[PDB]
Amino acid sequence: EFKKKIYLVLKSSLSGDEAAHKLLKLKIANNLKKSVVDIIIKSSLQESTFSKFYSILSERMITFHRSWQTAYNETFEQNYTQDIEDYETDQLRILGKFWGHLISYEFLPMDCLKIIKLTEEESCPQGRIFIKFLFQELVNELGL
Amino acid sequence: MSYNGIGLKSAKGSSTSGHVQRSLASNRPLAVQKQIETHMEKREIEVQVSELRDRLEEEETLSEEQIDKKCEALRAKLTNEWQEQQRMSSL
Amino acid sequence: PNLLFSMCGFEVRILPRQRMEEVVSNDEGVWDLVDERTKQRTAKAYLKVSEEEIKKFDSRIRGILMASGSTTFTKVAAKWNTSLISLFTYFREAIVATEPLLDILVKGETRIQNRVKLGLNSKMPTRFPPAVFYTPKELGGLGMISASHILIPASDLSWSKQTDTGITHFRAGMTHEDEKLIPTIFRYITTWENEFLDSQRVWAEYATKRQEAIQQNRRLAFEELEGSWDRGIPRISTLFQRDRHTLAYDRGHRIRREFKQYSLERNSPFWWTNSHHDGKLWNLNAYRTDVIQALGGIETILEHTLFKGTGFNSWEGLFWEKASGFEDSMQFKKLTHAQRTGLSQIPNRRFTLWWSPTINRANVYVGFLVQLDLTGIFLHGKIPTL
RNA sequence: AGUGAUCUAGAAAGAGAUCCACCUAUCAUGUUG
Ligand SMILES: [K+]
């Protein structure tokens, strides 16, 4: 029911500002914020492509309060450390562009990339494909 | 009716309640300085002459001409001492 | 610093990045222009729907209301859907920042619902919960698609006319007493920018697979392109269009389709796309699923209907005979104009009966009880079709 | 670090002529060499 509620908040909004406003007005408890970010990520991964709607939504949540920023920080490291093995190449494309966008504007600090360990043992094809899309977005937005 | 410029003129004809919510999502010493220093140095001489003038006038003992003479003498003395000091410093 | 133009109904404003005071992230409706030499984003193109196109949409809604004086409730809702889908699938992300269009969408959707309400001689809000209009056709609802249950951006109009004020406030759109968020059509249509970027991707992948397929002297298998089939502009699936051997000769098809406006009184609102050449450019099947969830599921929806009184075993067997009825047997016969106009009452009667527990609910604002002759039924208002 | 801003609501008598979103369609050949 909580997943449904958040999902319907997303699907009933025209813009990321509206979606962010509705979620913020829910006054979600601090322990549920990470699960809300997880629902937002999974919803964005159901789309056929990336969308600026999710980046704007996340950005407005992050800047509203520090508890949202930390929920996004740990959701990023959660995705790279545990969830990437469950993602197909389409989902990895969307996810890489999403996190690359948030990093490219410092909503997620570039220090979050400290968890990346480019080696033949501590990385997998899912993670390397994810890194590829993330950096591709970084170069497209910022330039070399 | 609007509040702080936000709302609709009226809810009538809008097909909505008109309810407004604040968005939670939005949140070489430049020659001119040397000229001022030189002016201040010459001014100190003229300040001493004026102070002497003030003392002599307040004592109401000397005519305006005698006071002018004593001021010109002090001016000449101090100007000569200054020219000698400038010649020595430049030397 | 801004270069402006209006083309094909889109209002466009190009602002180079080098001219911006600060570069801020944007929502859908602001295209990023990439410099193909550096592969870097160098300018933003803000989009809006032109005032002329906004007026054309409003005129199409007016045309529906003016024509549908004796139309069935389902055909009125279907016309609304056709116009709404035409608008959204054509303009997409340009709608996001066009506030006058959101206002017109709210009014249009309300007027379409009012046509049904007035057809039932009652505008009483509690008599028409969202389930009556948005429940899919297969569950006896009108199957309307919503775009106006969103929050409309609001900001000081004085400042808004001089500079971009952002979105500091929201004003309500369509609303209902029930605590439920109806999905908005826009969330189910991929924006044009994303379609174009994904198209460049899938078609470059296809070009590479095509060259390898000939290097191996193979043929590309139908499921060697699975996952890309429903992607690209044109859709990858068009490569295997059944009549492609004839359609290879179809030239000037876009201008021909647009010029149809001068030779045919009734034209498709999808004048801009040809499914033979472009493929299926949208898929709204997920909207029906999510609207059922938004309404509280089948259980909650059916609680508003006469379903329990039918004694029908399961909601699964609820197959509406959408292809036969008395009015279908009668439409061919020799009938007067009065007899033909009177046939539309039949499906309206079925619709009203299905939702009758809600249409004749006791919790109404005003309403003197009138007992129905020879029955113990009380009508809380005068509703002839019921 | 989360305050405020909430249209609507039915009766009588007349009227009404229709058309376009919309369920993914490669070898298998007996023998004679
Ligand atoms: K008459």
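Proteins get letters first, then strands, A, B, ... in listed order; numbering begins at 1 in each.
A positive value of the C1'-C2'-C3'-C4' dihedral assigns D:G14 to the north, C3'-endo side. When the pucker is read from the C1'-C2'-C3'-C4' torsion, the sugar belonging to D:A9 turns out south, on the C2'-endo side. A negative value of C1'-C2'-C3'-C4' puts the sugar of D:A5 in the south, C2'-endo-like family. Nucleotide D:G16 carries a south sugar pucker, as its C1'-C2'-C3'-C4' torsion angle is negative. For D:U18, the sugar pucker falls north, since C1'-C2'-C3'-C4' comes out positive.
Screening C:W192, C:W272, C:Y90 for a ring-ring contact (aromatic ring centres under 6.0 Å, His included) involving C:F10 leaves a single residue, C:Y90.
Geometric assessment of C:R257 against the ring of C:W271 yields a negative cation-pi assignment under the 6.0 Å and 45° thresholds.
The shortest distance between the side-chain N/O atoms of B:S14 and the OP1/OP2 oxygens of D:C7 is not below 4.0 Å. Proximity of C:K75 to the phosphate of D:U18: no side-chain N or O atom is located under 4.0 Å from OP1 or OP2. Applying the 4.0 Å criterion to OP1 and OP2 of D:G10, one finds that C:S122 has a side-chain N or O inside that range. Taking side-chain N and O atoms only, C:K117 has no distance below 4.0 Å to OP1 or OP2 of D:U8. In terms of phosphate contacts, C:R340 brings no side-chain nitrogen or oxygen within less than 4.0 Å of OP1 or OP2 of D:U18. Put simply, C:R127 has a side-chain N or O that comes within less than 4.0 Å of OP1 or OP2 on D:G10.
Using a 4.0 Å heavy-atom distance criterion, C:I85 is classed as making no nucleic acid contact. At the heavy-atom level, C:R218 lies under 4.0 Å from base atoms of the strands shown. Base engagement by C:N267 is indicated by at least one non-hydrogen atom pair under 4.0 Å involving a base atom. If you check every strand for non-hydrogen atoms under 4.0 Å, B:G7 touches nothing. A:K33 comes within 4.0 angstrom of a nucleotide base, judged by non-hydrogen atoms across all strands. At a threshold of 4.0 angstrom between heavy atoms, the contacts of C:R288 include nucleobase atoms, whether or not backbone atoms are also involved.
Using a cutoff of 4.0 Å between basic side-chain nitrogens and carboxylate oxygens, C:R201 and C:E205 are scored as salt-bridged.
The listed nucleotides are D:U24, D:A21, D:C19; the one nearest the side chain of C:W229 is D:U24. Of the candidate nucleotides D:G16, D:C20, D:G2, D:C20 has the atom lying nearest to any side-chain atom of C:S268. The side chain of C:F270 lies closest to D:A21 when the candidates are D:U6, D:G2, D:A21. For A:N30, whose side chain is taken as the heavy atoms from C-beta onward, the closest listed nucleotide among D:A25, D:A11, D:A1 is D:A1. Residue A:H65 has its side chain nearest to D:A1 when only D:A1, D:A21, D:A5 are considered. Closest to the C:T175 side chain, of the nucleotides D:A21, D:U3, D:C7, is D:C7. Picking from D:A25, D:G2, D:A17 the nucleotide with the shortest atom distance to the side chain of C:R242 gives D:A25. Here the nucleotide nearest the side chain of C:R219, chosen from D:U26, D:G2, D:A11, is D:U26. Counting only heavy atoms from C-beta on, C:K79 has its side chain closest to D:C19 among D:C19, D:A9, D:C7. Nearest nucleotide to the C:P125 side chain, out of D:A21, D:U8, D:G2: D:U8.
Look at NZ on C:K123: it is 9 Å from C1' on D:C7, rounded to the nearest Å. Atom-to-atom, CG of C:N114 to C1' of D:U8 comes out at 9 Å; the value is rounded to the nearest Å. Atom pair C:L151:CG and D:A5:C1' shows a separation of 13 Å (rounding to whole Å applied). The distance from atom CG of C:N217 to atom P of D:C27 is 16 Å, rounded to the nearest whole Å. Protein atom CG of C:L118 is 18 Å distant from nucleotide atom P of D:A15, rounded to whole Å. The nearest whole Å value for the distance from the CD1 atom in C:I189 to the P atom in D:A21 is 16 Å. Atom CD in C:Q345 sits roughly 13 Å away from atom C1' in D:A15 (whole-Å rounding). Rounded to whole Å, atom P of D:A1 lies 10 Å from atom CZ of A:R66.
Across every non-hydrogen atom of C:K79 and C:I64, the tightest pair is O-CD1, 3.7 Å. Heavy-atom minimum distance, A:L14 versus C:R187: O-NH1, 2.8 Å.
With a 6.0 Å radius and a threshold of 12 heavy atoms from other residues, nucleotides or ligands, C:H276 has its NE2 atom at or below the threshold.
Using a 3.5 Å distance cut-off with no hydrogens or angles, the side chains of A:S48 and C:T190 do pair a donor with an acceptor.
A distance-only check finds a donor-acceptor pair linking the side chain of C:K180 to the backbone of C:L295 [under 3.5 Å].
Taking the six-membered ring wherever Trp is involved, the centroid distance between the rings of C:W282 and C:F270 falls below 6.0 Å.
Residue-to-nucleotide proximity on RNA chain D shows that, of C:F240 and C:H380, the 5′-proximal contact is made by C:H380. Comparing A:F64 and C:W282, the nucleotide of RNA chain D nearest to each residue sits closer to the 5' end for A:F64.
Taking atom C1' in both D:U29 and D:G33, one finds a spacing of 16 Å when rounded to whole Å.
A donor N or O paired with an acceptor N or O is not found under 3.5 Å between the base of D:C7 and the side-chain atoms of C:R171. Counting atom types as modelled, A:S67 pairs a side-chain N or O with a base atom of D:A1 as donor and acceptor under 3.5 Å.
Stacking of the bases of D:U18 and D:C19 is indicated, with six-membered ring centres separated by less than 5.5 Å and ring planes inclined by less than 30°. Base stacking between strand neighbours D:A13 and D:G14 is present, with six-membered ring centres closer than 5.5 Å and ring planes inclined by less than 30 degrees.
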